[PDB]
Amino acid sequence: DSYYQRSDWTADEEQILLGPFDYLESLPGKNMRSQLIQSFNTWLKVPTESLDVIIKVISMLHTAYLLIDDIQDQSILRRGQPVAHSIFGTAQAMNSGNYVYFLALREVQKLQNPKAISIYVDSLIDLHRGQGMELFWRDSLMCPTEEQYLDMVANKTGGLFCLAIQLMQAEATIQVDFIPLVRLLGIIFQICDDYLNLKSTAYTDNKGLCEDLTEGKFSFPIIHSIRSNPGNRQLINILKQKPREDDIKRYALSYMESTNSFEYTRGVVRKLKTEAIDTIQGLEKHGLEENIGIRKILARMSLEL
């Protein structure tokens, strides 16, 4: 007899809701995320059923982060194709991404681990605190110290690597602590990504020529370069202007060589990879079998450094 009779969710409607998310999963991609899980599973040996739920959760949370990273940054290309919101609009894309956050949270509930929810929130909370500080610096025009940048990347990479490995740990019968190691793989990953954005014919095709400058981000070398001579304000002022122009991007890229900021970056990645390899050997000299996979993942992720 009711005026309003409540109706069910149709598959047709979910097709709309996931429009921008589905679109992005159609674009060919790195799947670096999967080689890291595969390599850490050589030690944790998470049961196939649980590991598949962990893998779909991370697959989702990944593409959802891109949806919202590319809005917050205003990128123009994503994996060489148009960004999702340049097709669906900032509005529909940022709501697809937010939606997936909770479909992932529904998926995590399938592991029926009681610590799974606390792990998820504590990873997601970490993430938003990384992008919290990053935006604050970017928006306030005050460049962070290299230490601050790193602390910020520990949180940021706390929402994928740390979340996936913590979830695998929570499902594995062993209680080695891998999080300090994976946090370091994250830091090595981002500093590399920051370098490749400014110096790679593979990355000027996929994201854009020096796409980090267009968005204003204080990336790892951009920091070192602004600080190295601070009486020069050419570099920080270029970040302010947020240039889509390429002559400006080229000049900034060239000032950054003249501060030898790309050597600097390359030798820190050298120092951090030594810490990784020694940390892995530490894990193996205590009971864990030789991991070829994760040494190869580490060589892969520095291959242009």
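Quick note: we count residues from 1 along the sequence shown, nothing fancier.
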40-48 set against 275-283, stretch whose average Cα temperature factor tops the other in the entry: 275-283
Mean temperature factor over C-alpha atoms, higher-scoring stretch between 121-129 and 192-200: 192-200
Which of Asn237, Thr259, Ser26, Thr63 ranks first by CA B-factor in the deposited coordinates: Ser26
Maximum C-alpha temperature factor, selected from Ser225, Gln169, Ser96, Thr157: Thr157
Where the record places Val53 (Cα B-factor, split into thirds across the chain): lowest
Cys162 - which third its CA temperature factor falls in, relative to the rest of the chain: middle
CA B-factor placement of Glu289, once the chain's modelled residues are sorted into thirds: highest
B-factor third for the C-alpha atom of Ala11 within its chain: middle
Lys110 by Cα B-factor - lowest, middle or highest third of the modelled chain: lowest
